[PDB]
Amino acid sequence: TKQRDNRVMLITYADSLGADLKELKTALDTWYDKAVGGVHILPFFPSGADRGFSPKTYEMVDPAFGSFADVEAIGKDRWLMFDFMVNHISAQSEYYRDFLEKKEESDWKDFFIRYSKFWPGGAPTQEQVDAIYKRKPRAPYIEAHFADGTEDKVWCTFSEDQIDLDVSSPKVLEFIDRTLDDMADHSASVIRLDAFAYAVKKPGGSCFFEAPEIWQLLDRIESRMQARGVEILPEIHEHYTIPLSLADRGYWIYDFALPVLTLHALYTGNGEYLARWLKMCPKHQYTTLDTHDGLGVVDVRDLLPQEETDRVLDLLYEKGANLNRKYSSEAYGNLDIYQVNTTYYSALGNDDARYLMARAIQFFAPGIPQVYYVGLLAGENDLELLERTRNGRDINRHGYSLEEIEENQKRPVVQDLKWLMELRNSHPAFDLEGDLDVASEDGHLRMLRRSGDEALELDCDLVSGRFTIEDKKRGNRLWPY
């Protein structure tokens, strides 16, 4: 296992940068060898739905993608992040299929949350239904029809294929422990806990980050993986107080507020909300602009005023390249109708200068930047794919051939983003432990990264879309180059 280090991490599917895991390694070695220090390969196990996030098993790689050897090959000199779906498993898994066949005689009788057992009286009251945290209108269950002719309802947060696990069941905790151990054996440096805040259900509760049980589950998983030298990263999209409460207890977090705060700053020339955010962020975080999902809007609540949130959303739809509100609707198959479906480059109207500025801000921000592969290649909204699949998120999930990755290398914006990633990976001022001084004034955002006598200053003109990078220790301007 290559240890998680202080270098830019790529987010990619196994089949989105070239055709499969072998072509992914070719792409990274050929064009991104110094730019990409870590790789989050999105779920690469056989899956029944939601492009990997409904795993049928963890015991084999989806053979469309390759083998565990092909994953380990990428992990030779790049640290790896894998997903563990702590919240759910495929309805097409051995576990759920056996439960439908055998019911109370199934080894997996306790793996799923059955309404008849979970709810006092055998069903929720409307009050209890209304209390559950939702990101789409569909009820959070599906019908289970058993081979014996009987039926129940099972908890279903996401797509109809994603059946929620009962983390209160000892057999499920054994499955979690075994699966994380297997991931550690396959060279995982970090395990991402997908949908972490959904994992604990309580009758009458929101069933979102239910304390103290959610903390006890996190500590169980983090403690086990710490003993293997593996880090954990919970995926939580909500009010900033939740991730900052994790950071206060020594857990890695995602920054999901940066994307929309940065868009608002670049569209308005106002850095005040972005500066306030940057100052409250911890050092042990992963920053995002793009991920494989849409842009988070609830994630900026109380960081961007509602008027300014409404304003930047209007600007994305009006001034962005090929956004459409319909793409976040139920018609386009969304699991979260409150996210904005777009590539980050197209959110900025395919503006090279402001897209590079967004990445510069991200790279000077605390913690470790994640770059999604579509953003790596300054990719535009893919209406062709979106309209073929009728899956809104596919606007930002173009599959690149090796030929198309190569064709993109001539673009200055692709060259410049690679240069920024190489700088982020080489310059000592980006020390994970180093300090950030942020100032917002006269339409500028100034970010000074210090580490001992190292002092590297980003100065963003949010109005003009031009930035400078100055090495104050060595007395030399690094950008423009």
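Numbering starts at 1 and follows the sequence shown.
Averaging CA B factors per stretch from the PDB record, which one is higher: 31 to 39 or 65 to 73? It is 65 to 73 that shows the higher mean C-alpha B-factor.
For the stretches 417 to 425 and 438 to 446, which has the higher mean C-alpha B-factor as given in the deposited record? Taking the mean C-alpha B-factor of 417 to 425 and of 438 to 446, the larger value falls to 438 to 446.
Which listed residue, 343, 168, 157, 90, has the largest C-alpha temperature factor in the record? In the PDB entry, the greatest C-alpha B-factor among 343, 168, 157, 90 is found at 168.
If I read the C-alpha B-factors straight from the PDB entry, which of 367, 120, 234, 399 is highest? In the PDB entry, the greatest C-alpha B-factor among 367, 120, 234, 399 is found at 120.
Sorting the chain's CA B-factors, does residue 52 end up in the lowest, middle or highest third? For residue 52, whose C-alpha B-factor we compare with every modelled residue in the chain, the answer is the lowest third.
By the record's CA B-factor, is residue 204 among the lowest, middle or highest third of residues in the chain? Tercile = highest for this residue's CA B-factor.
Could you place residue 456 in the lowest, middle or highest third of its chain by Cα temperature factor, using the values in the record? Residue 456: CA B-factor falls in the lowest third of its chain.
What third of its chain, lowest, middle or highest, does the C-alpha temperature factor of residue 266 fall into? As the PDB entry reports it, the C-alpha B-factor of residue 266 lands in the lowest third of its chain.
Within this chain, which third does the Cα B-factor at residue 319 fall in: lowest, middle or highest? It belongs to the highest third of the chain when residues are ordered by C-alpha B-factor.
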